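Next up: a single chain in structure tokens, the form deposited in one PDB entry.
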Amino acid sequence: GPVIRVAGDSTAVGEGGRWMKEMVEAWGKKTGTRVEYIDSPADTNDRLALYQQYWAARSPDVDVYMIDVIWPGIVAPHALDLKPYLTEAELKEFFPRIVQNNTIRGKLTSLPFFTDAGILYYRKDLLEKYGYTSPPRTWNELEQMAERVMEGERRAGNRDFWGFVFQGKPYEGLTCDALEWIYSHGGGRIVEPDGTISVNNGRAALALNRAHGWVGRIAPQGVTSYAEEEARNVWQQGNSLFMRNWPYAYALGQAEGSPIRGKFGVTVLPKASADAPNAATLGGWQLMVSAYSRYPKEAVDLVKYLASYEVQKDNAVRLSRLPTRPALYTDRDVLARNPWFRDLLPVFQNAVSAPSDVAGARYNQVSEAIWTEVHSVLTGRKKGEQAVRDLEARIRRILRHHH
């Protein structure tokens, strides 16, 4: 019979690839359908380039892809329209915001699978050790706490200890981190939903200068090459007071044998001042049936299974990844394992999107300009003032004539 082939997630990032292959094999076994899992690189922008090779070729060699929240506008021609396969009731079991994100010119490109939001991880043991009763609410507090804890821990002999780790590598994750910095300083959304390129302002510049101020000071010098896993590994070994990262790192940090099990909490990222908005960049992954699949009916059945209540539940319980079904956020088992899903639900609801809707199919070019200009500030090559001016000019060129 048919072999249903899936490219989604990565064995190079936590347990995602392993768990994904597990779920796909379970569907295979339950339905009597042969399946194959194709692995992907860690970073989303590398995955896009890979999958683009299959799409350009109209390749039938992958039936189902896991696609980023930022991709629907790019990948829509390569997606089978799922709308005819779901009832209105079925489709309403997902968050409307994500279904809308995934719907391009009326085409439902993909089902919501898991959502994502950037959050602050913090070592509760260390805050208590150094006299702090709450995680930081402002970036200045984060810096003050990081400096004091680092001084103490370095003095006690942990030469590997840092204050803060994050994603500073030149790739999509830096765009995510940087949107949070900018937005949390009152600097806007880089490109606003209405099309306005707003990033050339003093608040955005300050946010970038502040981040440069971390590098080699409270954050490792090598943070400028860190993606999600590099940051997680320093944190997870016990060597960072703070980390910015996504939900998936929670379950990994709690696993038996983690040096930091039971020593950490999560909260909203800090912000410049009390009246700035809270920033959490909206991430997440969706399930797309290939327009080039020879087996659309079977592939849709697999995508419905993967997006089902019980598979999303497993993803939440075992991998601490955020459901795209509101009903899971009241599930007793999801909540007992991850109580912070309830505490931070409003953070997740107010998460801020990168400018993929407004940039559409040119989003990957916009984002590359963003991470390259931000990176040049993190390296000390440019000041924030110059970088946001240069970034405005690049984005203007990229989006000229885009409506």
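All residue numbers refer to positions in the sequence shown, first residue = 1.
Omitted from view is the form deposited in another entry, to which the following refers.
- For the conformational change between the shown form and the other one, the C-alpha atoms of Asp81 and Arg210 are best fitted by the superpositions of different rigid parts.
- The Cα-Cα distance between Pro326 and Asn278 is shortened by 3 Å or more in the other entry relative to the form shown here.
- Look at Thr11 and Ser225: in the other entry their Cα atoms move 3 Å or more farther apart than in this form.
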